[PDB]
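A single chain, nothing else alongside it, follows as C-alpha cells in the form deposited in one PDB entry.
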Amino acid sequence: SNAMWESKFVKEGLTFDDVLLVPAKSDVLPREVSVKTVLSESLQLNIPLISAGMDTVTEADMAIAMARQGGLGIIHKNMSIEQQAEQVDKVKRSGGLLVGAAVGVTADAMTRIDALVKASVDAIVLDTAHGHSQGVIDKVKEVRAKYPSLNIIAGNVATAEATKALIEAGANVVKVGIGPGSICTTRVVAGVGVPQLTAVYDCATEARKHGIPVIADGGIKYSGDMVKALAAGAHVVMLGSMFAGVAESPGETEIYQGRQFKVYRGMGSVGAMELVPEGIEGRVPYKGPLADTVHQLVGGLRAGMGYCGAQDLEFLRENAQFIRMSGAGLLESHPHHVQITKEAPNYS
C-alpha cells in the first residue's frame, strides 16, 4: 500500500507522567536561578507562568495579581468587546502591568482587536481549537499587517507543520496543546490530540529554527509537570486548573461536603458556550491567594533547575535530558505505601 496508509501507526508520543528529568552536574542554587523569559522584546516575564484565557480563570483581578507576581494573565473572550477593553484598561492602569486578551478567529476578530489595542493590551491571543486551520493562518496575517508591532500569540497547535505555518503567517509566539487540559474532552469526543510533552518538543523543534517561543498550554497538574514542559522546549507554560481555585479567579467559592471549592469549566463546555461540547464542568479546591500557589510553582521549578544544573531557562531547554518510565515508574515517583495525614502545599 502507499505511504500514508502504511505510516498510520508509526508515531509515538509521551506525556508528563511518562518521563523524569535526569539530574545533572550542578553548581547552581535553586534560589539563585533565573526564571525570567523573553516572549518578545516588549513582552518579558519575570516568571514563566500565564493564566489561561478562561471565564473561570482570568479576569482583571487575576491578571493584575499574575502581573504583580511577574507573570501574565489572558483576559477571556466570553464578554463584550467593550467590557474586555475595560478590563484590559483596568490592568494597564494598575501600575503599567502587562496584560493579554483572548480573541476568537471569527469574522469580527479585528473589531475586538481594535478596541483591545486602543486599551494598550500587550498581547493578543488568537485562540482557536484548531490553529492549523487556513482561517487562523489568514487571520494571523491580517492582524500582523494592520498591527506590525503587536505581540500575537496564536494557537492551539500540536505539530511542527502547524507551528511553521503560524510563524510564517506572522505569530511571534505559538501556543501548544490539543486536548491535554484537565477539563478537556477533545481527545475523547473527537479522537484527536498529541501527548503534550511530545507536542511541546515537536513544536519547539520547529519554532527554535525561527527564534520563536512556544507556550506549553494544558495538562499541568503538579509543579514538576511545568518543569518537564519547559525542559521539553517551551519558554513558558499556561495553566487553567492549577489557577482556577485561587482567590483572584472569577467566580465565587462554594461549600460542598464541608470543603471549599471553585467552579472550573472548559470553555467548550455546555455552560461556557451558553451543542456538542469538548469540555466538562467541574470544581477544584479553593487555594487562597494566588501568591501562595505561584510560590509553590516557582519553588518547584527552581528545585528542578537546580537538579538539572540550569542557571536559566535557556540552559534548561537546551540541555536537560529525560528518561522514559512505565506506570510502575510513575507510582514509585509519587508517594506510595504510606497513608498521607496532612495536605502538603504542593501535593494533594
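In case it trips you up, residue 1 is the first one in the sequence shown, and so on. For the two forms, the rigid core is made up of the largest set of C-alpha atoms that agree within 1.5 Å on superposition.
- Item | Chain break class for residue 252 to residue 253, judged by how many deposited residues have no coordinates | Gap between residue 252 and residue 253: none.
- Task: Compare the mean C-alpha B-factor of 333-341 with that of 12-20 as given in the PDB entry, and name the stretch with the higher value.
- Result: Mean CA B-factor is higher for 333-341.
- Comparing 265-273 with 232-240, which has the greater mean CA B-factor as deposited? Looking at the recorded C-alpha B-factors, 265-273 comes out higher on average.
- Task: By the entry's C-alpha temperature factors, tell me which of 156, 198, 80, 163 sits highest.
- Result: Top of the list by C-alpha B-factor: 80.
- Which one of 215, 150, 212, 190 shows the biggest C-alpha B-factor in the PDB entry? 150 has the highest C-alpha B-factor of those listed.
- Query: Is the Cα B-factor recorded for residue 202 in the lowest, middle or highest third of its chain?
  - Reply: Residue 202: CA B-factor falls in the lowest third of its chain.
- Item | Cα B factor band for residue 278 (lowest, middle or highest third within the chain) | Residue 278: CA B-factor falls in the middle third of its chain.
- By the record's CA B-factor, is residue 173 among the lowest, middle or highest third of residues in the chain? It falls in the middle third of the chain.
- Would the CA B-factor of residue 96 place it in the lowest, middle or highest third of its chain? Highest third - that is where residue 96 ends up once the chain's C-alpha B-factors are sorted.
- Just say lowest, middle or highest third for the CA B-factor of residue 31 relative to the other modelled residues in its chain. For residue 31, whose C-alpha B-factor we compare with every modelled residue in the chain, the answer is the highest third.
The same protein also has a form deposited in another entry, omitted here; what follows describes it.
- So which one of 194, 115, 169, 184 actually moves, Cα shift of 2 Å or more between this form and the one not shown once the core is superposed? Correct option: 184.
- Task: Using a superposition on the rigid core, decide whether the Cα position of residue 233 changes by 2 angstroms or more between this form and the one not shown.
- Result: Moves: no, less than 2 Å.
- Item | Post core alignment: residue 105 C-alpha displaced by 2 Å or more between this form and the one not shown | The answer is yes; the displacement is at least 2 Å.
- Query: Does the C-alpha of residue 132 move 2 Å or more between this form and the one not shown once the rigid core is lined up?
  - Reply: Superposed on the core, residue 132 moves its C-alpha 2 Å or more between this form and the one not shown.
- Item | Shift in CA distance, residue 153 and residue 183, in the other form relative to the form shown here, given it is 3 Å or more | Result: closer.
- Since the Cα separation of residue 178 and residue 183 moves by 3 Å or more in the other form, tell me which way: closer or farther than here. Closer: residue 178 and residue 183 approach by 3 Å or more in the other form.
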